[PDB]
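What follows is one structure encoded as structure tokens, with my remarks underneath.
Should a chain be cited, it is by its letter among A, B, C, D, E, F, G and H, assigned in written order, with residues numbered from 1 in that chain.
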Amino acid sequence: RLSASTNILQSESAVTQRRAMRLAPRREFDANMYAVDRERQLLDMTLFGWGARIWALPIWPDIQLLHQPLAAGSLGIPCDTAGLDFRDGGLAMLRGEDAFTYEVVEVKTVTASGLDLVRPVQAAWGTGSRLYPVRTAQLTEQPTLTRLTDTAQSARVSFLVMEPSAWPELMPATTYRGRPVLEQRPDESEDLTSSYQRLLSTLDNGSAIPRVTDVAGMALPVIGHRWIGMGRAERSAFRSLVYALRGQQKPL
Amino acid sequence: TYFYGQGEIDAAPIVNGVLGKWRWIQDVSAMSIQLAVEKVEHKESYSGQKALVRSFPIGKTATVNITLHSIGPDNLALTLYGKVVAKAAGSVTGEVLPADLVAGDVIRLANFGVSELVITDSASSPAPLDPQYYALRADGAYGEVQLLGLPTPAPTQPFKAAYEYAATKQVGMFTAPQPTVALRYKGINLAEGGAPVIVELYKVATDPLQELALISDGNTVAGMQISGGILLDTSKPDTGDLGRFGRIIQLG
Amino acid sequence: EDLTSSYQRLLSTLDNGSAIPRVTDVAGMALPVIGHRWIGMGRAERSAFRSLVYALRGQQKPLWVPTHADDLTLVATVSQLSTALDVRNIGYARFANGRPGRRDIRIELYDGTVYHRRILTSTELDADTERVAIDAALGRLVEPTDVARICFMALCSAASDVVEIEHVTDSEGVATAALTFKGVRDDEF
Amino acid sequence: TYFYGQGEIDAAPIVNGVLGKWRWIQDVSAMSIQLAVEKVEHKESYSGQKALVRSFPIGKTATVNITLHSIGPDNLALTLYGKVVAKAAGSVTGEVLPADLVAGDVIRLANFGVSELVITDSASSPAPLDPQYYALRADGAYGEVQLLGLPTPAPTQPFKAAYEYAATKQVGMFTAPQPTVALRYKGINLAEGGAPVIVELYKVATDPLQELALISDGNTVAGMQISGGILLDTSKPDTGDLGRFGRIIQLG
Amino acid sequence: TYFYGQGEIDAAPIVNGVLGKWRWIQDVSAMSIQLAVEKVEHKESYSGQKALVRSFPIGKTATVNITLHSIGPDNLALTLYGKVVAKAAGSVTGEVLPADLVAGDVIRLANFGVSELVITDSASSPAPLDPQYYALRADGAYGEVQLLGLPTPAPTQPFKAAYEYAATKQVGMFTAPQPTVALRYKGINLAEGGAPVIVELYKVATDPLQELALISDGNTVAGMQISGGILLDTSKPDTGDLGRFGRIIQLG
Amino acid sequence: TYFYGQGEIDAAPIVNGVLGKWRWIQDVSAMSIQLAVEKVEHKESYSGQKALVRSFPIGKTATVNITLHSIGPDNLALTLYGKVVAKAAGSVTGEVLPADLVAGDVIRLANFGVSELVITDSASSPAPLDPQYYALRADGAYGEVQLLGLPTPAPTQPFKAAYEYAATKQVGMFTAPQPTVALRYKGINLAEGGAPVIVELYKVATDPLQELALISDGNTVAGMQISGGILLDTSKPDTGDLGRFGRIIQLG
Amino acid sequence: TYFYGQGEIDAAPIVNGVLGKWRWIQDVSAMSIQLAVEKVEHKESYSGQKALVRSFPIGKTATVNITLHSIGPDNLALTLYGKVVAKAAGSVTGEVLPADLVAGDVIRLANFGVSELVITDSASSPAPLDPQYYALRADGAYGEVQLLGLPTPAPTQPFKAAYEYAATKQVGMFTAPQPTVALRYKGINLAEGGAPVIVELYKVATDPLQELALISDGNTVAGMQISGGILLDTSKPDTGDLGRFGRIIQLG
Amino acid sequence: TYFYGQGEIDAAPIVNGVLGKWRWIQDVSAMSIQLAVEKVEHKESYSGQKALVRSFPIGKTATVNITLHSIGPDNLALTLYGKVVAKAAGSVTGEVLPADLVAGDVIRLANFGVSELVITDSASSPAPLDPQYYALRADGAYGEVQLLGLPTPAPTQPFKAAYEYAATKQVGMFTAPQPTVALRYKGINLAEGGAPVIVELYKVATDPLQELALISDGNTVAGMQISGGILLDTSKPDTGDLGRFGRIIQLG
């Protein structure tokens, strides 16, 4: 979930002034998880002691697998960084089959082919170990753990990132009258709706009969849109478009 | 290494957790055991193939179905939730028959297997009625007597019937609590020259019979089907290799 | 019916302004919440449950509510006089080192005898094993093979005063009810 | 110890709880008794299996199905929620037939079993019509009269028909309340040389007939299937081993 | 006391509550009557057996299914919600045929059973075309005429056709309101030497035919199945023994 | 008065309401008409039965199913929502075959019915290849050409193929709007000596084919099943007894 | 290029990921592999048809079903979630039989395969009972001992029984965790002269047996059906063409 | 004008929209094409008959099912979402066999089709073992070798095996993306003397096989069933008569 604040006030005529407040939208993640063998007790203790405090949440959607083994003590992890949530001076977190097989390192810069590192890695993981971008996050609400058996608990964990998420802002290539044009064709899987919202207030319903006065006499249509990614490039382009929109501020 | 089993089944009622006395359930035509397990599945998404990666069982249950062709009172008590009742043979001296009787009426006696039936006329001078004036239907097995005729000088209508009734065994319906029986199947595997096989079931909770066709058509003997769930015995050792639901023993 | 456990905290005062939010732990303690269900199957059990409900008087009277998990498992046998229980590393030392909500132990041996202990302090020994301590003695020498669970205990009281006793068959029958217990700081401290 | 039952069935209506007069239900082809029990289960979780540990029955009901091939008026009343109506034989003298009658029309009389049919012409001088000018379809089994012809000097159109009708028995539809009948079955077990077996059902509530094929195809006698639920009788002793639904008696 | 019925069915349409004129529904192959009743159950809990203790009916309905093999116009009107239309035989003198006709074209006439077909050429001097130059398909029953050839000096293309058409009977579809018919079944019970049985149904609301296979395969005659619900007649006495849905009459 | 129908069927497309040119639908194996009516019921409660008292039809719809065995292009267009395309026979002179050709490869031509195939070698001096070095699979029914061999002095790889193609008829998929066709059936009733019977359906909307087994197993001719709903025609008179869905004509 | 497979199957348990020792699964009658894929569809709407335009698979899972006819203890352990228990042959000296024993009772010994049975009477002077006063049902295959009679001077009731028992193999119920077994199939293809074909499944999770007919009717050998899902192995190379579920090898 | 089709099917994989090289899918037993259309219905109420009056299609889809009996590696790759892997024949020199071997153990080699097997003893002086001391099961097709015996002076347990392995073809499972294949059916219509018929399908998305019985029972060859949906091709002209889903070509 990408959320931003933009309080807009319109006059009697259908004219709007927009005052986008948040430059960096707050990011929220919602997911479900399980814990059975040695992860349930660890999860219980982890949410018991640490509780409501800053985490280092790996970016699950940005999962990545190493193509070559990483030598212990090596400086630099050559891996794909095309359209990934990797930033200079950020964090990275390797992972293994189990929760414990992990280690966090600090990334200096992105070379488009690797991750420059300042501190050498103290343990070598071969091909198959997962690589996760890391962003600071906090538990918005403590999960309600559902006991499935003697040792089993499913949780609905929700996280909010407490760091700005920089990302390039790009608009559609086509331009019309000096403004962007949305050339993407919406998905028709779910039937969509269109409505003509009007500033038709002041119905003045008394006792005999009502009467409506067109304050502006203009109709502003409303259109719904849906799309499917099917790839990394399309998702990155959509994220760039969302960032460029800045909520309701930027029109197109 | 092939199975085609025939043999015997023994059951021992379980009352307040103390083992009862084992008995034979008479001829049995079919026995089957079914195992059901519920599983919660965990998946990993790094491959993009959205496929199953792990699964751990949660539920564990077992059910046993038995088809017995014996209508013995003990089996009836086991299956009908009833308790056997034994009535000793005896005699009746002053049973009063219905009044306003006429030829063609059928009278019924409170006991079965009637013999030496005597009906005394109600009068100051007792006068037993002629046997030719009444008949016994079904050889007096149903306690039914039919009037063949009455003398022209109609005797006193109320009658006093005296006879002898044989012993009988009765079974109630839903008059007993849910029986808990331990089953011991002792079958012979003909596929291996008649090798010995034993199956042990510590605790089984039965379900009353589903159907019972009193009037049967065809050449198939009446069958009684009973379903039951094998409960978890809490007295056997947890680490014991014998388990807690059942067991199979094979000599070799 | 699958039940749930949650760690309710006095985590108010999020102070969400315009730039970013910040949360301050007013007390830095977690009070666990546990749900409970039971079946009567008889008159005596129902009478006992009613007596317990009356004794509770809502949330007023507290009482320990042991969990039924397997949080801790032994990895090495412990002598009767020893107070150095060894359990596999679950980050207990980093998170749990003696502070209300944690601590308290129920051995629940195979035979049926249960020992109630009190954790004193946990020290990290290895990446896979620890040497968590206890208060006094264990009772006998118990091997890892002869332990069922640990099921961390915690003092708690009812979370909702209203109790629904669903009568199904009859007094001499079966009844269903649901109870919820929440951790509370009590017992002289 | 084997069962293959044949026999008869007796039913006695229950009217406000007072036992009625037993009557034979005539020929029966199939009788079945079904028992259904609902259970609530308790599951432990200390073994890590969450397997079923205990279960106590909460529901208890019995259903009985009977297939009878008798279309006797008593059985129709018992099955169609009707009450029998007896009409005595009599005569009619002044029935008026429909007017505007011509050859080819069919007339229907209010009564069946018509015989000695006479049609007197309406005029100052009565003149009974010739018998050859009308015919009785189905030998007067339905009062259906067909006109063969009329005399060239067309007589007075309205007619006055007199005849005699036979006695009959009628059964209405849904004209009686839900019958409550106790059942006594008289199965003889052939598998044991014709061993008597008794089944009594204290209280049974029947369900109206499901289907009735008035016109049948094949070599099968028309069948009547009735379903009923065995109610719990509150008059019998509770601690009595005979129960409150039914019982079975087997001499031996 | 056994039933195997064959016989006749008569129906009388009910219009505004006044009895109509009865008619035969021609051959009928199958008739069945089904009774449905809804019941609300009351239970008592003192025994701890959680079993049924009382039940009182609430719903009361009946349905009748009839399979007729007659496609007569009257039965078609009854089943298709149609009204019979009678067209008298007549003649046509100046029907205009389609223009731009050529050999091989098939022309269709507005009436069936065409005979004495005459096609006059359009010209100042009428010149009927040679009969050899056209043919009648299906013996002019379908009003189809086929062109066999045209003279080398092509005559005037527009044509005037005159012929004779026979009388016909038509039935509409859904052109009539829901018919309400009273049914009188008069069948013979062969199992009792052909005893007379009568079934009366005061008010029946029919349902249009479910299927009608115009092109049939095999040796089975086309069947018309009609379903109907027996409504409650409000004119008969409430306390009258004859009921309000139907009745059965048996002579004995 | 009995029906066993065989005959033909005629269909005329409706394009904006103007009647089209009737055409025969070729052989047909099964035609069925189904009528469905929805009803709303009113229930009285004054008799204590709450039985159905009244019911009026609210819904009315008719569905027609046809099974045709003809794969004629006209029927394909009517059934596949396609429009026929006619390609005249012609010749080709400069088609270029795929390069890098070797023995064992199969070449496919854009047209079918190839004959007089000639392949001219690409060079300053044209040199048609020897016919024995290629073969025509399926006698040129698909332009499939197989290379038998190549001369040791490998000629210029690109080839120029010329040939003649025959005329053909093509049908697209979903290339036409929902057809609306009036149907006229010409059933002859054999049960009455071949009595003509007419069925006309004014407006019918068809549904595309459900299945088409290109490769069939057994001795059954491929069948094509089409479903259609009979719409309500608004042009016919409302009070006219002929109705608005269809009608049936039976001479007599 | 045609398949009709027969052969053998090998299974190796996976215990914490380390390959186990392969073993033959004995005779097998049926092996099936099912693949299920879930897809999300994208629909365009520019053509007016809203037809499916694109679809990408999101789900991927494979299920394998095996039917084995072997009741070997290893297969029981693999299928019943059990672990084999081996009991060595031995002897007993001081078993105490139930008291209050009379003729007609049956005694059961804790061990099977009893031989050389001796029952010593309890008294200051031991006096082994005569063998003719007891019998061994099923030749001592279950330790079932039947009392034929007792001496007139009734000896001391408690008995001390000594005998020898043979070694046996036992399998518990649900006494082992969910097995994870790799499967290797050795199908020989008869359609190609017995061409070898290999199928390997890296990781498979089995499901307990669904049914087990201990007493079978007919001429069919008892069958054991097992269902399992093929998990995704994370150890194999991702880019390796061998995949992660399984693979098939066909020499040629 | 009748269809009974047999013939050939050709497929061309579609990669990034560029046509691939067509290939034969080997023998095919059944092909069927199904069309589905969704419709929204409009009704008019002026008649009071509440019946359908108009309907316009909304959905448009097509599916194709194909049953192929070929297990060729190319077809396996097409159906199993796999990619063929070719392994060339080679040799092994220093493969190490498992230790702690004893008579009766079965060892397995990493390659199939083993020949010229040589096992050298581990010692300072190499000493190949006697061939009589080991055997090859299934003629070394499964890479299985069985130990027949060992010399009394037990040689060094670790062994070095050298042999030759033949070339093989492998297919992965779910190792390839969803194939998109264009299908060309070329069948012969026997009902018209073997007339030519062609069916074209531009774009088809397949679904993995549903079932694959490796061990077959009976006389029926193993069948592979594949389902696929015909997508909408966006490259063909919209107004083009050939459509965008498929086509049928008939010569005439």
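The rule we apply is simple: contacts are C-beta pairs under 8 Å (C-beta built on N, C-alpha and C of every residue); 3 or more make two chains touch, one makes a residue touch a chain.
Just so we're on the same page, UniProt names per chain: B, D, E, F, G, H = Virion structural protein.
Touch-path distance (fewest steps) from chain A to chain D (Virion structural protein) is 1.
Of the two chain pairs considered here, A-G and G-H, the higher C-beta contact count falls to G-H. Between chain D (Virion structural protein) and chain G (Virion structural protein), the centres computed from C-alpha atoms are 57 Å apart.
Mean C-alpha positions place chain E (Virion structural protein) and chain F (Virion structural protein) at a centre distance of 33 Å. A straight line joining the Cα centres of chain B (Virion structural protein) and chain C is 48 Å long.
Residues of chain H (Virion structural protein) in contact with at least two other chains: 49, 51, 60, 174, 244-245.
Touching of two or more other chains is recorded for residues 65, 148-151 of chain A.
Looking at which chains touch one another, you get A-B, A-C, A-D, A-G, B-C, B-D, B-G, C-D, C-E, D-E, E-F, F-H, G-H.
Note for the complex: chain F (Virion structural protein) touches chain H (Virion structural protein) at residues 26-27, 38, 57-61, 69-73, 76, 80, 82-83, 85, 106, 108, 112-113, 138, 141-142, 144, 166-175, 178, 205, 207-217, 221-222, 229, 231-232, 234, 238, 244-245. Listed in rising order, the residues of chain C touching chain B (Virion structural protein) in the complex are 110, 145, 148.
Listed in rising order, the residues of chain A touching chain G (Virion structural protein) in the complex are 65, 67, 97, 127-128, 185, 187-189, 228, 230.
Residues 1-7, 22, 28-37, 39, 44, 47, 49-57, 60, 62, 185-187, 189, 191, 196-199, 230, 241-252 of chain E (Virion structural protein) touch chain D (Virion structural protein) in their complex. By the touch rule above, chain C contacts chain E (Virion structural protein) in their complex via residues 168-170, 172-173.
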